[PDB]
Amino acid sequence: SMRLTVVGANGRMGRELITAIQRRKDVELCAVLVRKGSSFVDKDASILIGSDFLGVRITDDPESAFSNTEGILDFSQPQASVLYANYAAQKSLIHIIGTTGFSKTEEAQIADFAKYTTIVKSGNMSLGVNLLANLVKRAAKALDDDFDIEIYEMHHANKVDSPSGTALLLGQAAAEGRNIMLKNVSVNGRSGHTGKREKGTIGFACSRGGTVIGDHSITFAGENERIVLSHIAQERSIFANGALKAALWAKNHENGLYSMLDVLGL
C-alpha cells in the first residue's frame, strides 16, 4: 500500500482524492493538508468527505503533512504547488501535480525540482483526454492549414484559469501536428477582435457557467466541412483516479518530469 498525502484537501479535487483513496486497498491516506487558519485543522479527515472516522488528523503544517509519506497528491493553486514541489525536492517525495495555470518561471522551477525527485505533472489526468490529444495531433497532421483549428471549452462558474489546462494541452498537440509553435499561433478570445482570421492560427473560446465539470471540443473547419473531436467529463472521480494511477507509477521510478502519457503508454 502506497502512503499518500493530499494537499488542497478542502478543495473540490482534494475531497475527491480523499474519497478515492478511501475506496481502494492499494493506496493509504496518511496525511491531509489545508491552509493555515482553516477551521478543519485538528479535525479528522472524515469530515471532508462525510465518511466514517479515518484516524487521520488534518494539519496546516507541511513539515507534519510531509514527514511520513511516499507521495504528494496536489490539485491546488499554482504558487502553492511550486512551494510543494520544493518540499517534494527537499524530502525526496513523489509529487503528482494536477494544478494548472502556471507561469513560465513557475514551470522552470518545477523543472528544477524534477532533478531531485519524481514529478508527474499534467493538466488532465483522464484517459479520454490523453487519447483525444493524440487524435488531435494526427488530425492536425492529416489536415493542412486550409482547415482552421478552433478550440472550445466550458467549465463551472468558479474555475479560475482560462483557457483550461486541457485546452492548452490540446492546443499543443494540434501545434505539434502542424509542426508549429503554439505561442506563435494562438489567439485567445476572438470575441474581442476585428479582422480576417489569420491562417494557421489556433483559436481558443471559453464559457464559464453553472457546475459543468469540463467539456472540450476541437473543430477543424475547412472548405464546406468540419471534423469535431470532443471530450465530456462527467465527474471529478476520473481525475482523482488518474492521479492515483500516476502516484503508483511514480513510486519506484527514477527522478524526472513526466506526463500522463508516460503514466498511461501512450
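Quick note: we count residues from 1 along the sequence shown, nothing fancier.
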Would you mind comparing 143-151 and 181-189 for me and telling me which has the higher average C-alpha temperature factor in the entry? 181-189
Mean C-alpha B factor from the entry: is it higher for 160-168 or for 76-84? 160-168
Between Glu225, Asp60, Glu235, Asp52, which carries the biggest CA temperature factor in the record? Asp52
Should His95 be placed in the lowest, middle or highest third of its chain by the C-alpha B factor in the entry? lowest
Of the three thirds of Cα B-factor ranks in this chain, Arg197 occupies the highest
Sorting the chain's CA B-factors, does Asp215 end up in the lowest, middle or highest third? lowest
Relative C-alpha B-factor of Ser46, binned into the chain's lowest, middle or highest third: middle
Mind checking which third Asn255 falls in for C-alpha B-factor across the chain? highest
